[PDB]
């Protein structure tokens, strides 16, 4: 089971600096060559080439609808293709709206997969509840089966097929949820471990519960969508929406180490790394180094050491 690195230098999902530079920033640290050092074979697919949809006027409050939908449609076909080939797709991200395509592709092949979403945010606003109108804050809304039809058809997303049930997703790291989002997750019964549950339980018990809940009855593919703002700004400063009181570098690694151990990791997303938003170059260094370390962890690197 090899690894397939897939770059997605896209930012139309949001307004900020240059999240599209995230893939280049990550490879710069030698992420690909480092991955090849694990027991996994690795293939770099390269970065996708996105072309904007000309008259991409806002659909209500939703910005760059057609462009975001066009990019994601392309990504779903690419991820789907590497999934069918029996590989572990790794999307080096731009904004988190690319999770729509990443997960849609992964789900077309492994429909029974589950999603672990590490993020300070739920990204579950619909094109109606979100005032920002930034698609990176609505990916899960476009993917959940229960919200299907709860919002008007959005131009550019007619190819999307709600692929994940509200009970197949687990949030870890929440601390910045909008009113409408908290309503949805609450009314839909979505399982989450906010920073409050993390402080109470400890990351160790959080994983046991995350796994028993998602893998208790039957085992299935795991798709970990990782937003770097999930960890605390001290560790991942170079992101568009940083929130204090985040996951520590240690807890982040624990998460991935545990996920590795399940041997079920099937899809991975490393998103929101925006090098331009570094107050100093070192802040980018920290962000990138933290992202790379997490990525390597998902693939066997253990802090206790490794040997063949």
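Numbering follows the first chain given and starts at 1.
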Next item on the list: On mean C-alpha B-factor from the PDB entry, just flag whether 153-161 or 187-195 is the higher one.
Entry: 153-161
Check: Out of 127-135 and 96-104, which one has CA B-factors that are higher on average in the deposited record?
Finding: 127-135
Notebook entry, point to check: Of the options 53, 244, 265, 29, which has the highest CA B factor as deposited?
Noted result: 53
Check: Whose C-alpha has the highest temperature factor in the PDB entry: 78, 118, 147, 140?
Finding: 147
Margin query: What third of the chain does residue 175 rank in for C-alpha temperature factor, lowest, middle or highest?
Written below: lowest
Check: Sorting the chain's CA B-factors, does residue 253 end up in the lowest, middle or highest third?
Finding: lowest
Note to self: Please place residue 112 in the lowest, middle or highest third of its chain according to the CA B-factor in the PDB entry.
What the structure shows: highest
Note to self: Per the entry's values, where does residue 217 land by CA temperature factor relative to the rest of its chain, in the lowest, middle or highest third?
What the structure shows: highest
Next item on the list: Among all modelled residues of this chain, ranked by Cα B factor, put residue 33 in the bottom, middle or top third, i.e. lowest, middle or highest.
Entry: middle
